[PDB]
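Notes for the one structure printed next.
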């Protein structure tokens, strides 16, 4: 609907800005800038992936497209528990004192790796659920879910970038405010779509 | 009543804006933008659908037009209860400790699926009541319930989009404020239409 | 993506600022100034290094690229504990009174060295995790992780430097605010990437 | 990196200020003024010196480049304690009443000397850790650590001095604010580099 | 009036740039997709993304009046 691919977005931007001097490279740069700005703000269902990873050398390697972490779950063969975050001091104390819980329970971050306390042999599987970065929008990849969901976001971002390029201040701020409002609306709608109309009761666990 | 289909809306927009240089494609883009903006705000009776889904692989697939969830109810053969939301930690703790309630009682969101705790065999029926997105308004779909219910919303949205296109600010803000007021009025009337004139007493349940 | 190397950044700066009198040396100076400014603000995953160091003369030599310290951990052969910071007076009192703890436990800073209280013989290994400075971007080093992760930071910094050079105030403040906002967004995302969506429980250690 | 020596700094100042009437003497005066201003504010690792001094005539001579004192420690031959500051009245009372502690414990300042209470024979060694003044920057000494670390400080200081010389007000304040911000950033980064990311416990001593 | 590239070589309407911009683009290896820029040197129009010989262009311009004799 509305904007279907990158070419339609470029045509709409040219029509709305009324600037015939824009080349393909500048439009691609503007679209890339908008996508990179979006990468730091959006955490939605379409941005979420869960997959199975293997533990090597007592640690799990962070995925290359990782931006934020939702959950890490052990496999049923090693307990099947949801891991909890601990600091380095707690990790060291637990290792030194031989805490010995039932299964893999805790994790921490060292460098580019996640280290689990009850050190497991190599090949232990884990289920990691995490958010990733938005797909690239360009001539090679002319369609993305972000464009198909809320095209106003990309349109307003491109317009703001264009007016930034032509050394204009007021219109750039106007379009930036519009883009921020659209992004906030989308994020709030995604946030309130799970349990905003149901009942909550508080449950008790033991970890 | 008042505005009947897309052609009347386009004619009214042309007459009110007094702009004879607006092509069909620009008007379609404006209408699509207004509909997309409305999709994130309205939660009314006409936007609400309830239907029966089948659970496969211990999960329920979210519908493609889903925007917000109202309720999930198990079928009478598997308990006939209303599910309650729980987090991932509670889910995995219940699975590990074999909580074993009477029937399907809890649900959680993983990826694009809803997982129920008392895992059921494939083919379990559920009744899901949820809100969808507004129907697409175009030449192929000349009439929608949104246009018939309150045409001023679409008229004001199209006018605001037009004045945004022609690089104007004050009139755009004026029409945007008018559209927001109309949307708020409609939403409030829909909200206060069920029990705003009756008596409430508070009841006790057990879950 | 977007901007890939230093030459693309220079071309983009030339196009956006619309200044044909900028030589290569001025652009290199602007980029270097932006890098030095970033060196005092960013503490992210790509800036983190952990490595093994030898204790010579009862002290550990601070690395030359060190900017901030994250943790120091003794090797398992000498206790395998996470060191804690103490002042000079506490160190002197512990030395005088022969405190005699189990293993290496405390550290302090003297000059350009880290001194550990349970004095160890020369050659004791430690694991130091710390932050370093960003790689220098120039003709000899055309690609860095900072440019690839978020090109808007470098673009806005270079533009701000350019407008500072041409004796302009309003545009310089504008671009400085944009750069600061981008840096804050990146830092906040990196800060929240770890455990902003998990559960915390508070644990007890012994030190 | 960026600015490597004094000549490059002078060239950059001439280019940025766009003033061809500046002579070598004026530039050296500006650089000296900036260094003198910096000497009153910076207390960093590179400014720190610890060395052994011999007490003569019951006192220790203050070093000629001393700007601020960090610590004074007695040698292990005379107790190896960290001295504490006392006023003149306490010193006189302790001398008169023959307090007689174990080793050298207290010190005070008289004129240009540090006097220790448990008067020791001449030749007693002490370890003094203190801050000095920044090295001079001129033709004879064209490279200093301060220029290498954060060249923006010197560049902004020289620009502010230049605009002060030409009887301008707004630009001088602008560049002075920039220089102050840079100095504050450097000082904060140096301050938070020791234990801002570790744990603190509070320990007990006896003095 | 106008210069346009052939669709095979990019099909872009060329834009005028000065000599300094041309030199900067050449030195920094801008490398766009097709031919986009041009400048005037002597009696020639030089296009920036240097193309091998035999690249057709469509030029629209004004001529002199025909001779009456």
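What follows draws every value from the coordinates through simple rules; no lab data is involved. Counting neighbours? That spans all protein chains shown, and the Cβs are built from the backbone with ideal geometry, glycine included.
Computed quantities for the displayed model
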item	result
Failed condition for residue D:205, given (1) touching a residue at least 40 places away in the same chain (Cβ under 8 Å); (2) in a loop (DSSP other than H, G, I, E, B)	(1)
Unique match (being assigned to a helix (DSSP H, G or I), surrounded by fewer than 20 Cβ atoms within 10 Å (Cβ to Cβ), in contact (Cβ under 8 Å) with a residue 12 or more places away in the chain and away from chain C (no Cβ under 12 Å)) among D:176, D:157	D:176
Scan of the range C:116-139 for residues that are in contact with a helix residue (DSSP H, G or I) (Cβ under 7 Å, 6 or more places away or on another chain) and closer than 23 Å to residue D:50 by Cβ, ordered by number	C:117, C:120, C:124
Subset of the range A:195-204 [under 29 Å from the mean Cα position of the chain (by Cα) and within 16 Å of residue B:91 (Cα to Cα)]	A:195, A:200, A:202, A:203
Entirely in the range C:32-146, the strands (runs of 3 or more DSSP E) that have 3 or more residues that are in contact (Cβ under 8 Å) with a residue 40 or more places away in the chain, surrounded by 17 or more Cβ atoms within 10 Å (Cβ to Cβ) and within 11 Å of another protein chain (Cβ to nearest Cβ)	C:68-74, C:124-131
Residue tally, condition within 22 Å of the chain's Cα centre (by Cα) and more than 18 Å from residue D:206 (Cα to Cα), over the range D:98-114	7
Members of the range A:185-200 that are exposed (fewer than 15 other Cβ atoms within 10 Å of the Cβ) and out of contact with any strand residue (DSSP E or B) (no Cβ under 8 Å at 6 or more places or on another chain)	A:187, A:188, A:191
In the range D:1-28, the residues that are surrounded by fewer than 19 Cβ atoms within 10 Å (Cβ to Cβ) and either assigned to a loop (DSSP other than H, G, I, E, B) or within 21 Å of the chain's Cα centre (by Cα) (or both)	D:1, D:4, D:5, D:18, D:19, D:20, D:21, D:22, D:23
Test for residue D:163: is it buried (at least 18 other Cβ atoms within 10 Å of the Cβ), in a helix (DSSP H, G or I), free of Cβ contacts under 8 Å to residues at least 60 places away in the same chain and more than 9 Å from chain C (Cβ to nearest Cβ)	no
Test: residue D:150 is more than 22 Å from residue D:71 (Cβ to Cβ) and either in contact (Cβ under 8 Å) with a residue 40 or more places away in the chain or surrounded by fewer than 19 Cβ atoms within 10 Å (Cβ to Cβ) (or both)	no
Options C:190, C:185, C:169: the member that is within 26 Å of the chain's Cα centre (by Cα) and without any contact (Cβ under 8 Å) to a residue 40 or more places away in the chain	C:185
Condition check for residue D:190: under 30 Å from residue A:91 (Cβ atoms) and in contact with a helix residue (DSSP H, G or I) (Cβ under 8 Å, 6 or more places away or on another chain)	yes
Search result, residues across the range A:95-114 that are farther than 18 Å from residue A:77 by Cβ and in contact with a helix residue (DSSP H, G or I) (Cβ under 7 Å, 6 or more places away or on another chain)	A:108, A:112
Residue within the range D:195-202 that is over 22 Å from residue D:24 (Cβ atoms), part of a helix (DSSP H, G or I), without any contact (Cβ under 8 Å) to a residue 40 or more places away in the chain and within 14 Å of chain C (Cβ to nearest Cβ) present	no
